[PDB]
Amino acid sequence: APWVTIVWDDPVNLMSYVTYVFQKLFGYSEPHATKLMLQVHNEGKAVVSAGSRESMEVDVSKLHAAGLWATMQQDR
Ligand SMILES: [Co+2]
Ligand SMILES: [Co+2]
Ligand SMILES: [Co+2]
Ligand SMILES: [Co+2]
Ligand SMILES: [Co+2]
Ligand SMILES: [Co+2]
């Protein structure tokens, strides 16, 4: 039962900060982190990680601690 973590666009956050957080928390390459950051900024949201419900719960928590707006939901 796959879940996803979604990050939502916040006016306040620096784009450079969002990119860094995605690299720090998920270990993503710089280009992919930027890709996701840009999707959040341009589309308003983006799926930033996927896996077990338990894994997504922690990803959400980590993101919240970093100051980003994160939610999770079961994948279709
Ligand atoms: Co913006
Ligand atoms: Co723009
Ligand atoms: Co749990
Ligand atoms: Co919270
Ligand atoms: Co809090
Ligand atoms: Co809070």
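Cα-based Rg of the chain per 2.2 N^0.38 Å, rounded to two decimals?
So the chain has a normalised radius of gyration of 0.99.
Just to confirm the number: angle between the C-alpha axis of helix 15-26 and the first principal axis of the chain, 0 to 90 degrees, nearest 10? So the helix axis and the longest Cα principal axis differ by about 30 degrees.
The C-alpha atoms of the chain define a longest principal axis, and helix 53-66 lies at about 30 degrees to it. Note on residue 24 and residue 55: the extension gain reaches 9.6 nm, defined as 0.36 nm multiplied by sequence separation minus the Cα-Cα distance.
At a 10 Å Cβ-Cβ cut-off, how would you order 10, 59, fewest neighbours first?
The most exposed by this proxy come first: 10, 59.
Here the gap between residue 14 and residue 73, fully extended at 0.36 nm per residue and compared with their Cα-Cα distance, gives a gain of 18.7 nm.
Angle, helix 30-43 long axis vs. longest principal axis of the chain, Cα atoms, 0 to 90°, nearest 10? The angle comes out at about 90 degrees. For a straight C-alpha distance cut-off of 18 angstrom, the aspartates and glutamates reachable from residue 24 (same-chain residues fewer than eight places away being disregarded) are 57, 59.
Throughout, read-outs are computed from the coordinates displayed, never taken from laboratory work. As a convention, Cβ positions derive from the backbone with ideal geometry for all residues, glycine included, and neighbour counts pool all protein chains shown.
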